[PDB]
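Data from run.pdb: PDB, C-alpha atoms and all ligand atoms
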```
MODEL        1
ATOM      1  CA  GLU A   3      17.841 -23.778   8.401
ATOM      2  CA  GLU A   4      16.360 -22.953  11.802
ATOM      3  CA  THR A   5      17.820 -19.837  13.374
ATOM      4  CA  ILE A   6      18.076 -19.040  17.091
ATOM      5  CA  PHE A   7      14.588 -17.437  16.727
ATOM      6  CA  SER A   8      12.952 -20.855  16.657
ATOM      7  CA  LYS A   9      14.606 -21.711  20.017
ATOM      8  CA  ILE A  10      13.448 -18.310  21.393
ATOM      9  CA  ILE A  11       9.882 -19.122  20.176
ATOM     10  CA  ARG A  12      10.111 -22.557  21.870
ATOM     11  CA  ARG A  13      11.532 -21.143  25.104
ATOM     12  CA  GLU A  14      14.737 -23.142  24.594
ATOM     13  CA  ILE A  15      16.884 -20.078  24.941
ATOM     14  CA  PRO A  16      16.140 -17.209  27.387
ATOM     15  CA  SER A  17      14.483 -14.017  26.090
ATOM     16  CA  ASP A  18      12.049 -11.387  27.384
ATOM     17  CA  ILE A  19       8.885 -12.519  25.539
ATOM     18  CA  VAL A  20       6.285  -9.794  25.686
ATOM     19  CA  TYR A  21       3.466 -11.452  23.664
ATOM     20  CA  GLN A  22       2.889 -14.839  22.026
ATOM     21  CA  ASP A  23      -0.066 -16.490  20.246
ATOM     22  CA  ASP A  24      -0.299 -19.321  17.687
ATOM     23  CA  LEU A  25       0.925 -17.178  14.797
ATOM     24  CA  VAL A  26       3.371 -14.768  16.380
ATOM     25  CA  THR A  27       6.003 -14.191  19.134
ATOM     26  CA  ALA A  28       7.262 -10.816  20.344
ATOM     27  CA  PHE A  29      10.371 -10.367  22.478
ATOM     28  CA  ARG A  30      12.841  -7.638  23.450
ATOM     29  CA  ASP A  31      15.822  -7.180  21.153
ATOM     30  CA  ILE A  32      19.127  -8.343  22.741
ATOM     31  CA  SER A  33      20.894  -5.304  21.245
ATOM     32  CA  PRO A  34      18.306  -2.515  21.504
ATOM     33  CA  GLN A  35      18.598   0.628  19.289
ATOM     34  CA  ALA A  36      15.909   2.801  20.902
ATOM     35  CA  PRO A  37      14.285   2.967  24.386
ATOM     36  CA  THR A  38      11.725   0.458  23.034
ATOM     37  CA  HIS A  39      13.080  -2.169  20.636
ATOM     38  CA  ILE A  40      10.916  -5.241  20.329
ATOM     39  CA  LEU A  41      10.932  -7.896  17.624
ATOM     40  CA  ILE A  42       7.741  -9.501  16.341
ATOM     41  CA  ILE A  43       8.251 -12.670  14.334
ATOM     42  CA  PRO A  44       6.068 -15.479  12.914
ATOM     43  CA  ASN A  45       6.111 -18.792  14.855
ATOM     44  CA  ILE A  46       6.860 -20.552  11.558
ATOM     45  CA  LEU A  47      10.307 -20.331   9.890
ATOM     46  CA  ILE A  48      10.046 -17.999   6.889
ATOM     47  CA  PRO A  49      13.632 -17.051   6.114
ATOM     48  CA  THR A  50      13.197 -13.807   4.143
ATOM     49  CA  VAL A  51      10.278 -11.557   3.016
ATOM     50  CA  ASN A  52      11.013 -12.958  -0.484
ATOM     51  CA  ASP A  53       9.672 -16.323   0.865
ATOM     52  CA  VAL A  54       6.263 -15.068   1.859
ATOM     53  CA  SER A  55       3.108 -16.117   0.014
ATOM     54  CA  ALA A  56      -0.633 -15.540   0.330
ATOM     55  CA  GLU A  57      -0.984 -18.331   2.947
ATOM     56  CA  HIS A  58       1.195 -16.302   5.360
ATOM     57  CA  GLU A  59      -0.947 -13.148   5.107
ATOM     58  CA  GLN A  60      -2.808 -13.633   8.379
ATOM     59  CA  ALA A  61       0.415 -14.180  10.364
ATOM     60  CA  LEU A  62       1.969 -11.176   8.531
ATOM     61  CA  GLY A  63      -1.019  -8.984   9.474
ATOM     62  CA  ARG A  64      -0.891 -10.265  13.075
ATOM     63  CA  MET A  65       2.740  -9.065  13.297
ATOM     64  CA  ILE A  66       1.511  -5.487  12.702
ATOM     65  CA  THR A  67      -1.602  -5.782  14.847
ATOM     66  CA  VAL A  68       0.605  -7.177  17.669
ATOM     67  CA  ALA A  69       3.198  -4.325  17.276
ATOM     68  CA  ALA A  70       0.273  -1.872  17.651
ATOM     69  CA  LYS A  71      -0.874  -3.549  20.901
ATOM     70  CA  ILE A  72       2.693  -3.553  22.208
ATOM     71  CA  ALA A  73       3.244   0.083  21.254
ATOM     72  CA  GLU A  74       0.183   0.938  23.415
ATOM     73  CA  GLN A  75       1.304  -0.978  26.448
ATOM     74  CA  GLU A  76       4.855   0.357  26.145
ATOM     75  CA  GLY A  77       3.388   3.907  26.456
ATOM     76  CA  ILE A  78       4.899   4.785  23.026
ATOM     77  CA  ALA A  79       1.617   4.786  20.982
ATOM     78  CA  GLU A  80       0.734   8.504  21.246
ATOM     79  CA  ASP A  81       4.196  10.033  20.715
ATOM     80  CA  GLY A  82       4.808   7.480  18.013
ATOM     81  CA  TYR A  83       7.099   4.786  16.711
ATOM     82  CA  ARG A  84       8.550   3.025  13.685
ATOM     83  CA  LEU A  85       8.124  -0.517  12.388
ATOM     84  CA  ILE A  86      10.903  -1.941  10.163
ATOM     85  CA  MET A  87      11.659  -5.187   8.335
ATOM     86  CA  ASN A  88      15.087  -5.770   6.775
ATOM     87  CA  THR A  89      15.747  -8.163   3.875
ATOM     88  CA  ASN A  90      19.064  -9.512   2.582
ATOM     89  CA  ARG A  91      22.352  -7.652   2.237
ATOM     90  CA  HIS A  92      20.996  -4.235   1.186
ATOM     91  CA  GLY A  93      18.436  -4.405   4.041
ATOM     92  CA  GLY A  94      21.112  -5.513   6.502
ATOM     93  CA  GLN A  95      19.211  -8.649   7.451
ATOM     94  CA  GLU A  96      21.287 -10.495  10.096
ATOM     95  CA  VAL A  97      18.996 -13.283  11.201
ATOM     96  CA  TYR A  98      17.320 -15.366   8.481
ATOM     97  CA  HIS A  99      13.907 -15.629  10.084
ATOM     98  CA  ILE A 100      11.622 -12.751   9.263
ATOM     99  CA  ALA A 101      11.243  -9.997  11.908
ATOM    100  CA  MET A 102       9.421  -6.701  12.407
ATOM    101  CA  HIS A 103      11.305  -4.297  14.640
ATOM    102  CA  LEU A 104       9.170  -2.019  16.811
ATOM    103  CA  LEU A 105      11.212   1.088  17.714
ATOM    104  CA  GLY A 106      10.241   4.129  19.818
ATOM    105  CA  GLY A 107      10.464   6.019  23.108
ATOM    106  CA  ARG A 108      12.066   9.137  21.598
ATOM    107  CA  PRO A 109      11.888  11.052  18.243
ATOM    108  CA  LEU A 110      13.467   8.573  15.832
ATOM    109  CA  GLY A 111      13.712   9.676  12.182
ATOM    110  CA  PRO A 112      15.121  10.055   9.545
ATOM    111  CA  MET A 113      14.036   6.797   7.904
ATOM    112  CA  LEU A 114      17.489   6.540   6.359
ATOM    113  CA  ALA A 115      20.876   8.151   7.019
ATOM    114  CA  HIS A 116      21.407  10.920   4.442
TER
ATOM    115  CA  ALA B   2     -10.813  11.079  10.658
ATOM    116  CA  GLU B   3     -10.872  12.645   7.198
ATOM    117  CA  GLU B   4      -9.360  11.209   4.013
ATOM    118  CA  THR B   5      -5.929  12.174   2.655
ATOM    119  CA  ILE B   6      -5.019  12.535  -1.034
ATOM    120  CA  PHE B   7      -4.221   8.787  -0.947
ATOM    121  CA  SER B   8      -7.931   8.068  -1.072
ATOM    122  CA  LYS B   9      -8.170   9.927  -4.411
ATOM    123  CA  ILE B  10      -5.143   7.973  -5.672
ATOM    124  CA  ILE B  11      -6.770   4.651  -4.725
ATOM    125  CA  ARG B  12     -10.109   5.602  -6.292
ATOM    126  CA  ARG B  13      -8.376   6.896  -9.472
ATOM    127  CA  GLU B  14     -10.150  10.245  -8.841
ATOM    128  CA  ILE B  15      -6.893  12.157  -9.400
ATOM    129  CA  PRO B  16      -4.220  11.650 -12.089
ATOM    130  CA  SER B  17      -1.750   8.869 -11.058
ATOM    131  CA  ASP B  18       0.519   5.997 -12.084
ATOM    132  CA  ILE B  19      -0.422   3.015  -9.887
ATOM    133  CA  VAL B  20       2.265   0.290  -9.778
ATOM    134  CA  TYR B  21      -0.108  -2.325  -8.301
ATOM    135  CA  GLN B  22      -3.661  -2.494  -7.085
ATOM    136  CA  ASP B  23      -5.886  -5.284  -5.933
ATOM    137  CA  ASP B  24      -9.034  -5.628  -3.706
ATOM    138  CA  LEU B  25      -6.992  -4.815  -0.610
ATOM    139  CA  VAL B  26      -4.003  -2.603  -1.435
ATOM    140  CA  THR B  27      -2.621   0.081  -3.751
ATOM    141  CA  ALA B  28       1.075   0.870  -4.511
ATOM    142  CA  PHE B  29       2.695   3.940  -6.169
ATOM    143  CA  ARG B  30       6.063   5.777  -6.247
ATOM    144  CA  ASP B  31       6.824   8.219  -3.449
ATOM    145  CA  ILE B  32       6.756  11.883  -4.519
ATOM    146  CA  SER B  33      10.102  12.374  -2.710
ATOM    147  CA  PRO B  34      12.068   9.169  -3.174
ATOM    148  CA  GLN B  35      14.659   8.427  -0.489
ATOM    149  CA  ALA B  36      16.212   5.507  -2.360
ATOM    150  CA  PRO B  37      16.382   4.286  -6.016
ATOM    151  CA  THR B  38      13.220   2.244  -5.321
ATOM    152  CA  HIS B  39      10.874   4.071  -3.054
ATOM    153  CA  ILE B  40       7.309   2.745  -3.443
ATOM    154  CA  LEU B  41       4.347   3.105  -1.023
ATOM    155  CA  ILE B  42       1.950   0.181  -0.408
ATOM    156  CA  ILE B  43      -1.217   1.287   1.320
ATOM    157  CA  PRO B  44      -4.549  -0.316   2.271
ATOM    158  CA  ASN B  45      -7.575   0.629   0.147
ATOM    159  CA  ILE B  46      -9.484   1.558   3.358
ATOM    160  CA  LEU B  47      -8.623   4.679   5.393
ATOM    161  CA  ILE B  48      -6.680   3.605   8.493
ATOM    162  CA  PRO B  49      -5.264   6.888   9.814
ATOM    163  CA  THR B  50      -2.548   5.389  11.990
ATOM    164  CA  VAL B  51      -1.096   2.007  12.959
ATOM    165  CA  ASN B  52      -2.769   2.648  16.371
ATOM    166  CA  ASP B  53      -6.083   2.262  14.511
ATOM    167  CA  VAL B  54      -5.521  -1.274  13.267
ATOM    168  CA  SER B  55      -7.752  -4.169  14.378
ATOM    169  CA  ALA B  56      -8.049  -7.959  13.794
ATOM    170  CA  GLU B  57     -10.373  -7.351  10.801
ATOM    171  CA  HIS B  58      -7.469  -5.551   9.010
ATOM    172  CA  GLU B  59      -5.009  -8.455   9.320
ATOM    173  CA  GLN B  60      -5.540  -9.772   5.791
ATOM    174  CA  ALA B  61      -4.996  -6.315   4.177
ATOM    175  CA  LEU B  62      -1.935  -5.759   6.440
ATOM    176  CA  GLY B  63      -0.451  -9.105   5.337
ATOM    177  CA  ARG B  64      -1.196  -8.235   1.667
ATOM    178  CA  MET B  65       0.813  -5.026   2.079
ATOM    179  CA  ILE B  66       3.858  -7.235   2.784
ATOM    180  CA  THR B  67       3.263  -9.966   0.139
ATOM    181  CA  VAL B  68       2.697  -7.136  -2.384
ATOM    182  CA  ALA B  69       5.894  -5.375  -1.198
ATOM    183  CA  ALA B  70       7.743  -8.674  -1.879
ATOM    184  CA  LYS B  71       6.163  -8.945  -5.349
ATOM    185  CA  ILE B  72       7.106  -5.367  -6.234
ATOM    186  CA  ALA B  73      10.686  -5.752  -4.897
ATOM    187  CA  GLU B  74      11.120  -8.701  -7.250
ATOM    188  CA  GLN B  75       9.569  -6.870 -10.234
ATOM    189  CA  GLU B  76      11.974  -4.012  -9.415
ATOM    190  CA  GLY B  77      15.055  -6.279  -9.524
ATOM    191  CA  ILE B  78      15.945  -5.587  -5.903
ATOM    192  CA  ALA B  79      14.632  -8.763  -4.143
ATOM    193  CA  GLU B  80      17.968 -10.618  -4.220
ATOM    194  CA  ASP B  81      20.118  -7.574  -3.344
ATOM    195  CA  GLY B  82      17.694  -6.624  -0.555
ATOM    196  CA  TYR B  83      15.397  -3.896   0.736
ATOM    197  CA  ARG B  84      13.704  -2.409   3.770
ATOM    198  CA  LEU B  85       9.947  -2.067   4.603
ATOM    199  CA  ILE B  86       9.226   0.803   6.968
ATOM    200  CA  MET B  87       5.997   2.177   8.540
ATOM    201  CA  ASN B  88       6.024   5.424  10.491
ATOM    202  CA  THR B  89       3.535   6.444  13.180
ATOM    203  CA  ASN B  90       2.828   9.819  14.733
ATOM    204  CA  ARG B  91       5.420  12.488  15.713
ATOM    205  CA  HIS B  92       8.342  10.250  16.841
ATOM    206  CA  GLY B  93       8.037   8.161  13.703
ATOM    207  CA  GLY B  94       7.706  11.285  11.536
ATOM    208  CA  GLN B  95       4.371  10.285   9.928
ATOM    209  CA  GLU B  96       3.430  13.023   7.435
ATOM    210  CA  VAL B  97       0.249  11.509   5.943
ATOM    211  CA  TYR B  98      -2.554  10.079   8.143
ATOM    212  CA  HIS B  99      -3.316   7.071   6.064
ATOM    213  CA  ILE B 100      -0.978   4.139   6.914
ATOM    214  CA  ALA B 101       1.719   3.358   4.427
ATOM    215  CA  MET B 102       4.491   0.822   4.099
ATOM    216  CA  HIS B 103       7.597   2.235   2.411
ATOM    217  CA  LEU B 104       9.448  -0.233   0.172
ATOM    218  CA  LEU B 105      13.022   1.125  -0.007
ATOM    219  CA  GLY B 106      15.938  -0.389  -1.939
ATOM    220  CA  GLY B 107      18.207  -0.306  -5.015
ATOM    221  CA  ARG B 108      21.345   0.314  -2.933
ATOM    222  CA  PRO B 109      22.957  -0.649   0.413
ATOM    223  CA  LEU B 110      20.606   1.167   2.798
ATOM    224  CA  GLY B 111      22.913   1.934   5.729
ATOM    225  CA  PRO B 112      21.897   1.551   9.364
ATOM    226  CA  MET B 113      18.331   0.648  10.281
ATOM    227  CA  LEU B 114      18.295   3.825  12.423
ATOM    228  CA  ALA B 115      20.722   6.605  11.537
ATOM    229  CA  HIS B 116      20.018   8.213  14.902
ATOM    230  CA  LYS B 117      20.990   5.163  16.997
ATOM    231  CA  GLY B 118      20.768   6.389  20.648
TER
HETATM  232  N1  LIG A 201      16.715 -11.493  22.196
HETATM  233  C1  LIG A 201      17.485 -11.817  21.130
HETATM  234  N2  LIG A 201      17.625 -10.935  20.115
HETATM  235  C2  LIG A 201      18.391 -11.247  19.043
HETATM  236  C3  LIG A 201      19.027 -12.475  19.000
HETATM  237  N3  LIG A 201      19.716 -12.532  17.843
HETATM  238  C4  LIG A 201      19.510 -11.367  17.188
HETATM  239  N4  LIG A 201      18.704 -10.589  17.922
HETATM  240  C5  LIG A 201      18.237  -9.228  17.554
HETATM  241  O1  LIG A 201      17.292  -9.315  16.483
HETATM  242  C6  LIG A 201      17.732  -8.596  15.327
HETATM  243  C7  LIG A 201      17.824  -9.548  14.141
HETATM  244  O2  LIG A 201      16.953  -9.102  13.104
HETATM  245  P1  LIG A 201      17.512  -8.867  11.613
HETATM  246  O3  LIG A 201      18.917  -8.359  11.826
HETATM  247  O4  LIG A 201      17.433 -10.233  10.974
HETATM  248  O5  LIG A 201      16.564  -7.848  11.025
HETATM  249  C8  LIG A 201      19.091  -7.991  15.647
HETATM  250  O6  LIG A 201      19.029  -6.566  15.545
HETATM  251  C9  LIG A 201      19.413  -8.396  17.071
HETATM  252  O7  LIG A 201      19.560  -7.232  17.891
HETATM  253  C10 LIG A 201      18.864 -13.359  20.057
HETATM  254  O8  LIG A 201      19.430 -14.474  20.038
HETATM  255  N5  LIG A 201      18.098 -13.010  21.096
HETATM  256  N1  LIG A 202       3.095  10.032  -4.925
HETATM  257  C1  LIG A 202       2.801  10.765  -3.824
HETATM  258  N2  LIG A 202       3.523  10.589  -2.693
HETATM  259  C2  LIG A 202       3.239  11.314  -1.587
HETATM  260  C3  LIG A 202       2.207  12.235  -1.626
HETATM  261  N3  LIG A 202       2.136  12.814  -0.411
HETATM  262  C4  LIG A 202       3.101  12.264   0.360
HETATM  263  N4  LIG A 202       3.769  11.352  -0.360
HETATM  264  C5  LIG A 202       4.904  10.525   0.121
HETATM  265  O1  LIG A 202       4.417   9.491   0.981
HETATM  266  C6  LIG A 202       4.982   9.578   2.293
HETATM  267  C7  LIG A 202       3.865   9.730   3.318
HETATM  268  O2  LIG A 202       3.945   8.668   4.267
HETATM  269  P1  LIG A 202       4.200   8.983   5.825
HETATM  270  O3  LIG A 202       5.061  10.223   5.811
HETATM  271  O4  LIG A 202       2.813   9.194   6.385
HETATM  272  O5  LIG A 202       4.897   7.746   6.337
HETATM  273  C8  LIG A 202       5.911  10.783   2.317
HETATM  274  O6  LIG A 202       7.245  10.366   2.621
HETATM  275  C9  LIG A 202       5.862  11.389   0.928
HETATM  276  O7  LIG A 202       7.163  11.363   0.335
HETATM  277  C10 LIG A 202       1.485  12.393  -2.800
HETATM  278  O8  LIG A 202       0.549  13.220  -2.858
HETATM  279  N5  LIG A 202       1.800  11.654  -3.871
ENDMDL
END
```

Produce structure tokens that represent the structure in this file.
Amino acid sequence: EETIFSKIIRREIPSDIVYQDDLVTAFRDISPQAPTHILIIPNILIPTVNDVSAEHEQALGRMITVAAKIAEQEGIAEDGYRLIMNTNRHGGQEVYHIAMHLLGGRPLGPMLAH
Amino acid sequence: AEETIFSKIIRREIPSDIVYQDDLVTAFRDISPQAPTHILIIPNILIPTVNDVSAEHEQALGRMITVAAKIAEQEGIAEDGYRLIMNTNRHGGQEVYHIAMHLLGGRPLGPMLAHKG
């Protein structure tokens, strides 16, 4: 059940890719929600965070280490930012290939609508 | 940087109720829960901010997520769904300078950002 994210990874549909290595691809979100909104995803199809196992841990860590790098080069590192992963209906997960959202460029919070 | 109370939680130097701990990570309930499940997963090493992460941390960072997934399932929220959030510095609203992943769930969580601008 490949999603559009695998075609993005493979440069078979256009996207603004900001970083890629053998574990991870990062690209700008097509419907951004903050001045910076970048997605960082594993190059392998893992549909939900429920599907992760210990073998994925390096790629999972790289997603965070890559978001940090990207936060710096976006000029958002000092003022700050948020990283978010959504899972299933309560999380609002829309694409079934795991993704960390990097959000920033302005004060962001609260974590959840009250 | 100096240690936060989380260090004393991890080291069991302070009274606590740890939900999970291994070589790499520790998890415990937030003191001010923002959802029916609100559990923090943190590395056992002081990393003040996400800006302080390096390659050598990638295994512990990955463990934070595989552990979040394990806890979400133990909590009965894995199928319904959940959010993992990490906050950094002022714009993220980071209150404690030891990195933490928030596992939030137990209800429909609303928009990913309530202030959507
Ligand atoms: N660049 C790009 N972004 C997408 C595409 N499809 C979805 N997105 C973005 O990625 C997010 C999907 O992550 P999820 O909703 O699964 O957490 C959505 O917020 C959406 O804005 C796409 O085909 N191209
Ligand atoms: N159990 C517990 N939770 C705390 C303590 N101090 C802060 N917290 C929770 O952990 C979060 C700190 O993470 P941050 O705000 O840095 O993302 C806060 O939202 C707060 O609710 C504490 O001493 N004990």

Centre and edge lengths of an axis-aligned box around all listed atoms of ligand LIG 202 (chain A), with 3 Å added on each side, are to be given in Å to one decimal, as JSON.
```
{"center_x": 3.9, "center_y": 10.5, "center_z": 0.7, "size_x": 12.7, "size_y": 11.5, "size_z": 17.3}
```

Within 9 Å of ligand LIG 202 (chain A), which residues of chain B come that close, and what is the closest atom pair and distance in Å for each? Count only C-alpha atoms and all ligand atoms and give it as JSON lines.
```
{"residue": "B:5", "atom": "CA", "partner": "A:LIG202", "partner_atom": "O8", "distance": 8.6}
{"residue": "B:6", "atom": "CA", "partner": "A:LIG202", "partner_atom": "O8", "distance": 5.9}
{"residue": "B:7", "atom": "CA", "partner": "A:LIG202", "partner_atom": "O8", "distance": 6.8}
{"residue": "B:10", "atom": "CA", "partner": "A:LIG202", "partner_atom": "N5", "distance": 8.1}
{"residue": "B:17", "atom": "CA", "partner": "A:LIG202", "partner_atom": "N1", "distance": 7.9}
{"residue": "B:18", "atom": "CA", "partner": "A:LIG202", "partner_atom": "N1", "distance": 8.6}
{"residue": "B:29", "atom": "CA", "partner": "A:LIG202", "partner_atom": "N1", "distance": 6.2}
{"residue": "B:30", "atom": "CA", "partner": "A:LIG202", "partner_atom": "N1", "distance": 5.4}
{"residue": "B:31", "atom": "CA", "partner": "A:LIG202", "partner_atom": "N2", "distance": 4.1}
{"residue": "B:32", "atom": "CA", "partner": "A:LIG202", "partner_atom": "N2", "distance": 3.9}
{"residue": "B:33", "atom": "CA", "partner": "A:LIG202", "partner_atom": "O7", "distance": 4.4}
{"residue": "B:34", "atom": "CA", "partner": "A:LIG202", "partner_atom": "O7", "distance": 6.4}
{"residue": "B:35", "atom": "CA", "partner": "A:LIG202", "partner_atom": "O7", "distance": 8.1}
{"residue": "B:39", "atom": "CA", "partner": "A:LIG202", "partner_atom": "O7", "distance": 8.9}
{"residue": "B:40", "atom": "CA", "partner": "A:LIG202", "partner_atom": "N1", "distance": 8.5}
{"residue": "B:41", "atom": "CA", "partner": "A:LIG202", "partner_atom": "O1", "distance": 6.7}
{"residue": "B:50", "atom": "CA", "partner": "A:LIG202", "partner_atom": "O4", "distance": 8.6}
{"residue": "B:86", "atom": "CA", "partner": "A:LIG202", "partner_atom": "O5", "distance": 8.2}
{"residue": "B:87", "atom": "CA", "partner": "A:LIG202", "partner_atom": "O5", "distance": 6.1}
{"residue": "B:88", "atom": "CA", "partner": "A:LIG202", "partner_atom": "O5", "distance": 4.9}
{"residue": "B:89", "atom": "CA", "partner": "A:LIG202", "partner_atom": "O5", "distance": 7.1}
{"residue": "B:90", "atom": "CA", "partner": "A:LIG202", "partner_atom": "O4", "distance": 8.4}
{"residue": "B:93", "atom": "CA", "partner": "A:LIG202", "partner_atom": "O5", "distance": 8.0}
{"residue": "B:94", "atom": "CA", "partner": "A:LIG202", "partner_atom": "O3", "distance": 6.4}
{"residue": "B:95", "atom": "CA", "partner": "A:LIG202", "partner_atom": "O4", "distance": 4.0}
{"residue": "B:96", "atom": "CA", "partner": "A:LIG202", "partner_atom": "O3", "distance": 3.6}
{"residue": "B:97", "atom": "CA", "partner": "A:LIG202", "partner_atom": "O4", "distance": 3.5}
{"residue": "B:98", "atom": "CA", "partner": "A:LIG202", "partner_atom": "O4", "distance": 5.7}
{"residue": "B:99", "atom": "CA", "partner": "A:LIG202", "partner_atom": "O4", "distance": 6.5}
{"residue": "B:100", "atom": "CA", "partner": "A:LIG202", "partner_atom": "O4", "distance": 6.3}
{"residue": "B:101", "atom": "CA", "partner": "A:LIG202", "partner_atom": "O5", "distance": 5.7}
{"residue": "B:102", "atom": "CA", "partner": "A:LIG202", "partner_atom": "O5", "distance": 7.3}
{"residue": "B:103", "atom": "CA", "partner": "A:LIG202", "partner_atom": "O5", "distance": 7.3}
```

- Explicit residue set for the PyMOL selection byres (((chain A and resi 98-106) around 6) and not hetatm), as a list in words: residues 36, 38, 39, 40, 41, 42, 43, 47, 48, 49, 50, 83, 84, 85, 86, 87, 97, 107 and 108 of chain A

- Evaluate the PyMOL selection byres (((not hetatm)) within 6 of (chain A and resi 201)) and record the selected residues as a ChimeraX atom specification, following the chain and residue labels used in the document. /A:6,17,30-33,88,95-98,101

Return as a PDB file with C-alpha atoms, in the coordinates of the input the residues belonging to chain B that are within 9 Å of chain A, counting all atoms listed in the file.
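File produced: result-v1.pdb:
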```pdb
ATOM      1  CA  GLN B  35      14.659   8.427  -0.489  1.00  0.00           C
ATOM      2  CA  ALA B  36      16.212   5.507  -2.360  1.00  0.00           C
ATOM      3  CA  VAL B  51      -1.096   2.007  12.959  1.00  0.00           C
ATOM      4  CA  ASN B  52      -2.769   2.648  16.371  1.00  0.00           C
ATOM      5  CA  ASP B  53      -6.083   2.262  14.511  1.00  0.00           C
ATOM      6  CA  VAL B  54      -5.521  -1.274  13.267  1.00  0.00           C
ATOM      7  CA  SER B  55      -7.752  -4.169  14.378  1.00  0.00           C
ATOM      8  CA  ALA B  56      -8.049  -7.959  13.794  1.00  0.00           C
ATOM      9  CA  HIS B  58      -7.469  -5.551   9.010  1.00  0.00           C
ATOM     10  CA  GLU B  59      -5.009  -8.455   9.320  1.00  0.00           C
ATOM     11  CA  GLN B  60      -5.540  -9.772   5.791  1.00  0.00           C
ATOM     12  CA  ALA B  61      -4.996  -6.315   4.177  1.00  0.00           C
ATOM     13  CA  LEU B  62      -1.935  -5.759   6.440  1.00  0.00           C
ATOM     14  CA  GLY B  63      -0.451  -9.105   5.337  1.00  0.00           C
ATOM     15  CA  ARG B  64      -1.196  -8.235   1.667  1.00  0.00           C
ATOM     16  CA  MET B  65       0.813  -5.026   2.079  1.00  0.00           C
ATOM     17  CA  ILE B  66       3.858  -7.235   2.784  1.00  0.00           C
ATOM     18  CA  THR B  67       3.263  -9.966   0.139  1.00  0.00           C
ATOM     19  CA  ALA B  69       5.894  -5.375  -1.198  1.00  0.00           C
ATOM     20  CA  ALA B  70       7.743  -8.674  -1.879  1.00  0.00           C
ATOM     21  CA  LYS B  71       6.163  -8.945  -5.349  1.00  0.00           C
ATOM     22  CA  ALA B  73      10.686  -5.752  -4.897  1.00  0.00           C
ATOM     23  CA  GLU B  74      11.120  -8.701  -7.250  1.00  0.00           C
ATOM     24  CA  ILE B  78      15.945  -5.587  -5.903  1.00  0.00           C
ATOM     25  CA  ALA B  79      14.632  -8.763  -4.143  1.00  0.00           C
ATOM     26  CA  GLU B  80      17.968 -10.618  -4.220  1.00  0.00           C
ATOM     27  CA  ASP B  81      20.118  -7.574  -3.344  1.00  0.00           C
ATOM     28  CA  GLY B  82      17.694  -6.624  -0.555  1.00  0.00           C
ATOM     29  CA  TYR B  83      15.397  -3.896   0.736  1.00  0.00           C
ATOM     30  CA  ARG B  84      13.704  -2.409   3.770  1.00  0.00           C
ATOM     31  CA  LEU B  85       9.947  -2.067   4.603  1.00  0.00           C
ATOM     32  CA  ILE B  86       9.226   0.803   6.968  1.00  0.00           C
ATOM     33  CA  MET B  87       5.997   2.177   8.540  1.00  0.00           C
ATOM     34  CA  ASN B  88       6.024   5.424  10.491  1.00  0.00           C
ATOM     35  CA  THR B  89       3.535   6.444  13.180  1.00  0.00           C
ATOM     36  CA  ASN B  90       2.828   9.819  14.733  1.00  0.00           C
ATOM     37  CA  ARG B  91       5.420  12.488  15.713  1.00  0.00           C
ATOM     38  CA  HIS B  92       8.342  10.250  16.841  1.00  0.00           C
ATOM     39  CA  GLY B  93       8.037   8.161  13.703  1.00  0.00           C
ATOM     40  CA  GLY B  94       7.706  11.285  11.536  1.00  0.00           C
ATOM     41  CA  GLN B  95       4.371  10.285   9.928  1.00  0.00           C
ATOM     42  CA  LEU B 105      13.022   1.125  -0.007  1.00  0.00           C
ATOM     43  CA  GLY B 106      15.938  -0.389  -1.939  1.00  0.00           C
ATOM     44  CA  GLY B 107      18.207  -0.306  -5.015  1.00  0.00           C
ATOM     45  CA  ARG B 108      21.345   0.314  -2.933  1.00  0.00           C
ATOM     46  CA  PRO B 109      22.957  -0.649   0.413  1.00  0.00           C
ATOM     47  CA  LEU B 110      20.606   1.167   2.798  1.00  0.00           C
ATOM     48  CA  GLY B 111      22.913   1.934   5.729  1.00  0.00           C
ATOM     49  CA  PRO B 112      21.897   1.551   9.364  1.00  0.00           C
ATOM     50  CA  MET B 113      18.331   0.648  10.281  1.00  0.00           C
ATOM     51  CA  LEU B 114      18.295   3.825  12.423  1.00  0.00           C
ATOM     52  CA  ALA B 115      20.722   6.605  11.537  1.00  0.00           C
ATOM     53  CA  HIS B 116      20.018   8.213  14.902  1.00  0.00           C
ATOM     54  CA  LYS B 117      20.990   5.163  16.997  1.00  0.00           C
ATOM     55  CA  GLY B 118      20.768   6.389  20.648  1.00  0.00           C
TER      56      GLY B 118
END
```

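Between atom CA of residue B:57 and atom CA of residue A:13 there is a distance of 29.6 Å.
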
- Item | Interatomic distance (Å, one decimal) between atom CA of residue B:8 and atom CA of residue B:76 |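 Taking atom CA of residue B:8 as the start and atom CA of residue B:76 as the end point, the length is 24.7 Å.
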
Generate the coordinates of N, CA and C atoms for stretch 34-38 of chain A; report them as a PDB file, keeping the file's coordinate frame.
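out_3.pdb was written with the following content:
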```
ATOM      1  N   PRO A  34      19.326  -3.510  21.820  1.00  0.00           N
ATOM      2  CA  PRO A  34      18.306  -2.515  21.504  1.00  0.00           C
ATOM      3  C   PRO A  34      18.896  -1.242  20.881  1.00  0.00           C
ATOM      4  N   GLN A  35      18.160  -0.617  19.952  1.00  0.00           N
ATOM      5  CA  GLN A  35      18.598   0.628  19.289  1.00  0.00           C
ATOM      6  C   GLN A  35      17.780   1.873  19.602  1.00  0.00           C
ATOM      7  N   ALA A  36      16.737   1.706  20.420  1.00  0.00           N
ATOM      8  CA  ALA A  36      15.909   2.801  20.902  1.00  0.00           C
ATOM      9  C   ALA A  36      15.380   2.417  22.294  1.00  0.00           C
ATOM     10  N   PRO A  37      14.806   3.368  23.058  1.00  0.00           N
ATOM     11  CA  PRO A  37      14.285   2.967  24.386  1.00  0.00           C
ATOM     12  C   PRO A  37      13.340   1.756  24.365  1.00  0.00           C
ATOM     13  N   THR A  38      12.424   1.704  23.399  1.00  0.00           N
ATOM     14  CA  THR A  38      11.725   0.458  23.034  1.00  0.00           C
ATOM     15  C   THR A  38      12.288  -0.142  21.747  1.00  0.00           C
TER      16      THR A  38
END
```
